[PDB]
Amino acid sequence: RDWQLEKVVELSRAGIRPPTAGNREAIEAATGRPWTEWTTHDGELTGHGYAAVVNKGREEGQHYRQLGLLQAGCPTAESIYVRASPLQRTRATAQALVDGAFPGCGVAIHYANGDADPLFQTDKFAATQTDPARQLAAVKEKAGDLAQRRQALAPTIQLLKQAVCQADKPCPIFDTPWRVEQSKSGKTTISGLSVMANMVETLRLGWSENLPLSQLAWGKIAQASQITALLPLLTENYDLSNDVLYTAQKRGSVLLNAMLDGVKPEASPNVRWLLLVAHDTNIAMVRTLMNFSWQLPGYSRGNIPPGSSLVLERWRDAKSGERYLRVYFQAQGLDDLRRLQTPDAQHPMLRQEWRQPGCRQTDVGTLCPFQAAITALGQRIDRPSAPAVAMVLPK
């Protein structure tokens, strides 16, 4: 064996949900019409979603057993520790991963007893909140000329409009111009853009979910490429919220820091696989601190599909004993999610590896000298926004 996988740290998005209750309100207002009620309640993990997460978890358990990271059969407390955001959908996604990865093993997942996990719901904690003024300036300054941003996305706006606007009923959202707005709690959003992004997320999920076409966008969206063509609105909005450096630094530092620490040797707890299941906003903030940009086929830049994941693997060269870090983002494509495709040679997980000078290509992926990879990924972290967190939750 040339290379030995030693530790996985992974940050999963929740699987397929219907729109959240907030989304639904905003998108039915914005289009003057009701949108499909799913078989799952708003905000929760759909069965289809769980099926898809189980599929990924099944391959991942097999993959990490084959690589010798995990022992055969049922895991122990040394094999994996799973910590999920306390929302229903992330708990259920966490169950779904271990359901796939450890068939029949009744593996428990952990989550915080409140409504807030200091890794995830970071706006609920003093050290990890944004300052309203700073946030506004940072968003305003990344946004720049918003009318010009809107003009560049006009074709994409139009595709969205033809998909979601009833013919001749008015559709106010496509009409409002784009401004930075800031609610009394300090959340910033981009008028028109955000809700459009919410719409696009919802269409992507409905696609992924395998909704009937008539309940996805009233028959208008019939092939994956039409979801793909809407996704630059969602990237635009990510660029102007979660992936705004300052926001990622106040809200995401604690998570990246807990991930880099978890991938370090002597980590606590001592487990071979540290699995964190949380939200797209979390992944986006983390990957922005990592300055890791990806674009997977069928998706637009930075896109975070349901049940996708950011992974840090620490590997050891069998010969020299030297340590390396591999970093990648993985997801399934639109149709694979729709079809509950089990990932395999003819239908592989989509994946992009992070790289920087010094990384080496190997049989097991792009491997980067460890210390210099940890230093580079960690550079953008705001230390005062990264309190240490005890990774093992209580019961």
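Residues numbered from 1 in each chain as written, not as in the entry; some residues may be left out. Heavy atoms only, no water.

Structure determination for this PDB entry was carried out by X-ray crystallography, with a resolution of 2.57 Å recorded in the header.

Naming follows the PDB entry, where the protein appears as 3-PHYTASE of Klebsiella pneumoniae. Regarding the protein, the UniProt comment filed under Sequence similarities (unreviewed entry) reads as follows: "Belongs to the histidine acid phosphatase family." (UniProt positions renumbered as here; feature names shortened; annotations may be inferred.)

Within the structure shown, the criterion is met by three disulfides. Each sulfur of the disulfide joining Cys74 and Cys105 lies 2.1 Å from the other. With the S-S bond torsion at -75°, the cross-link from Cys74 to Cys105 turns out left-handed. Taken as a pair, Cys74 in the loop between α2 (47–66) and β2 (80–84) and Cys105 in the loop between α3 (88–101) and β3 (110–111) lie far apart in primary sequence, 31 residues in all. Here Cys105 falls in the buried class, since its relative accessible area comes to 18%. Disulfide partner of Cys359: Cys368, at an S-S distance of 2.1 Å. On the sign convention where negative is left-handed, the bridge of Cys359 and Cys368, at about 100° about the S-S bond, is right-handed. (Disulfide = S-S within 2.5 Å. Helix = DSSP H or I, 4+ residues; strand = E, 2+ residues; numbered from the N terminus. Buried < 20%, exposed > 50% of the residue type's maximum accessible area, 1.4 Å probe, protein only.)

In terms of residue burial, strand β11 (residues 365–369) counts as a mostly covered element, since four of its five residues are buried. Pairing of strand β8 (residues 323–331) with β11, which is carried by two bridges, proceeds in the antiparallel orientation. Bridge assignment links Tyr324 to a residue of β11, and that residue is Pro369. Pairing of strand β10 (residues 360–362) with β11 involves three bridges; the strand directions are antiparallel. By the bridge assignment, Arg360 is partnered in β11 with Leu367. Here β10 folds back onto β11, and the loop between the two strands holds two residues. (Pairing = 2+ DSSP bridges.)

So, on to the nonpolar core. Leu11, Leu160, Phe174, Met199 and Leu203 are the most contacted members of the largest nonpolar core, which totals 94 residues. For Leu203, the residues in contact, after removing those within four places along its chain, are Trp35, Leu160, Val164, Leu216, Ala217, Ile221, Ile227 and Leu230. The next biggest cluster of nonpolar side chains, apart from the first, holds 28 residues, and it includes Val53, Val54, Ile109 and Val311. (Core = buried A, V, L, I, M, F, W, Y, C linked by side-chain atoms within 4.5 Å. Contact = heavy atoms within 4.5 Å.)

Glancing now at the packing of aromatic side chains. For the structure shown, the criterion picks out six aromatic pairs. Taking 5.3 Å as the distance between ring centres and 85° as the angle between the ring planes, the aromatic pair formed by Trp3 and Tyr324 counts as edge-to-face. Of this pair, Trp3 sits in strand β1 (residues 3–13) while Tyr324 sits in strand β8; the two residues are 321 residues apart in sequence, bridging distant segments of the chain. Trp3 gets classed as buried once you look at its relative accessible area, which sits at 9%. Note on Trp35 and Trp218: the rings are 5.4 Å apart at their centroids and 80° apart in plane angle, and the pair reads as edge-to-face. Of this pair, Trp35 sits in the loop between α1 (21–31) and α2 while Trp218 sits in the loop between α8 (213–216) and α9 (224–239), and the two are 183 residues apart along the sequence. Looking at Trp35, the relative accessible area reads 6%, which means it is buried. Residue class for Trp218 comes out partly exposed when judged on its relative accessible area of 29%. By the ring-pair criterion, three or more aromatic residues cluster together here, those being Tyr64, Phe102 and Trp273. (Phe/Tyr/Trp six-rings, centres within 6.5 Å; stacked < 30°, edge-to-face > 60°.)

What follows covers the UniProt feature "binding site: Mg(2+)" (unreviewed entry) in the protein. Using the residue numbers shown here, the UniProt feature "binding site: Mg(2+)" (unreviewed entry) corresponds to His347. Position of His347 relative to the elements: it lies in the loop between α12 (334–338) and β9 (350–353). Note on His347: relative accessible area 27%, which makes it partly exposed. Excluding residues within four positions of it along the chain, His347 makes contact with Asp336, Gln341 and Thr342.

All right, on to helix α11 (residues 280–289) then. For α11, the tally of buried residues reaches nine of 10 residues, placing the bulk of the element in the interior. Taken together, the buried positions of α11 are occupied by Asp280, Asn282, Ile283, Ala284, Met285, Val286, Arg287, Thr288 and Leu289. Among the residues trailing α11, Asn291 stands out with phi positive, at a value near 50°.

A side chain of one charge can pair with a side chain of the opposite charge when the charged atoms of the two come close. The tally for this structure, following the rule as stated, stands at 20 salt bridges. In this structure, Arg24 and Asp42 form a salt bridge, with 2.7 Å as the shortest nitrogen-oxygen distance. You can see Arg24 sitting in helix α1 and its partner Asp42 sitting in the loop between α1 and α2, a full 18 residues away along the chain. Note on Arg24: relative accessible area 6%, which makes it buried. For the salt bridge of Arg149 with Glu236, the shortest nitrogen-to-oxygen distance reads 2.5 Å. Residue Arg149 is located in helix α5 (residues 146–152), and its partner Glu236 is located in helix α9; the two are separated by 87 residues in the primary sequence. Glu236 sits in the buried class, given a relative accessible area of 11%. (Salt bridge = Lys/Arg side-chain N within 4 Å of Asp/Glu carboxyl O.)

Moving on to the packing of helix α6 (residues 154–164) against helix α7 (residues 193–208). Contact geometry for α6 and α7: axes closest at 11 Å, N-to-C directions at 65°. Crossing geometry of α6 relative to α7 is assigned as left-handed. Taken together, the residues of α7 that come into contact with α6 (itself represented by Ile157, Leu160 and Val164) are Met196, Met199, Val200 and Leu203. Classifying every residue of the contact of α6 with α7 gives seven nonpolar, no polar and no charged. (Axes fitted to C-alpha atoms, helices over the stretch in contact; angles between N-to-C directions. Left-handed = near helix turned anticlockwise from the far one by under 90°. Nonpolar A, V, L, I, M, F, W, Y, C, P; charged D, E, K, R; others polar.)

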